[PDB]
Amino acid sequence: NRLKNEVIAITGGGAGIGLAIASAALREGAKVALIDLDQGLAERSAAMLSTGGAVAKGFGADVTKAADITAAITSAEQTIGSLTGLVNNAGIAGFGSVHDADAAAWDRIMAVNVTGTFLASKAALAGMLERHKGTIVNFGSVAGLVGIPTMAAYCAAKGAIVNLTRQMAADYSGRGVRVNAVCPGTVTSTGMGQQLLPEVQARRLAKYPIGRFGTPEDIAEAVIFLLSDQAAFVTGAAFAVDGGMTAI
């Protein structure tokens, strides 16, 4: 019951890590809104999760479109109650180095990750600040803390999210809204994990002291801790959940 009486909106909640966050949040007693670019996916996943009295509802929105994400959060609150938590999990990745990256792809990666975090937070903050209560979990990555070959826009975007999190915590922690970033290591099994996939495999695994990559469930547990009132003194943190990657 660690999230009893919490109401959590999760962007990109239809699949992957976002969906695993939803499952764990429901386990802990929260009501959840899955907000995803793919409306059908958000609704199918919310149906799948709403067993045994658990309450999950789905909403379609592109986090890069201010009016759409704002409308989704408004609909979510009308449906499941005023938000107490927001997880800015929506993100995309792609390849391209500074010398050869496509400028349009660059912009889209920055938009979904950085602009989406900004716009979804902006929508949620109106209510959270009014109520002097909220918790926002942003999505960094090991790729936001160190450099990853051939991923210039993505490392820029996740780097932006890491420090934006610090900035938001500076503004809002004293006003009742905690803001933290989870920084996951590689999670292979999601759509993104598959997108980014022998000797080269072994070298990649060798960057992880724990000797395995992460699961969506591994990351979801850290997010559930940060959302909970047991983390009342945690704000502004870039919490590495990465099997040791950034420790070496």
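Counting begins at 1, following the sequence as shown.
- The deposited sequence places 4 to 9 unmodelled residues between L197 and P198.
- Averaged over their C-alpha atoms, the temperature factors of 70-78 and 111-119 are higher for 70-78.
- Higher mean CA B-factor, judged across 42-50 and 198-206 from the recorded values: 198-206.
- You'll see in the entry that, of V146, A152, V162, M128, the Cα B factor peaks at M128.
- Listed residues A169, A156, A101, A90 were ranked by CA B-factor as deposited; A101 comes out on top.
- Among all modelled residues in this chain, the alpha-carbon of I17 has a temperature factor (C-alpha) in the lowest third.
- Annotation for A9: C-alpha temperature factor in the lowest third relative to the rest of the modelled chain, per the entry.
- When the CA B factors of the chain's modelled residues are split into thirds, the value for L3 lands in the highest one.
- Split the chain's modelled residues into thirds by C-alpha temperature factor. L26 is in the middle one.
- Residue-level temperature factors show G85 in the lowest third of its chain, judged at the C-alpha atom.
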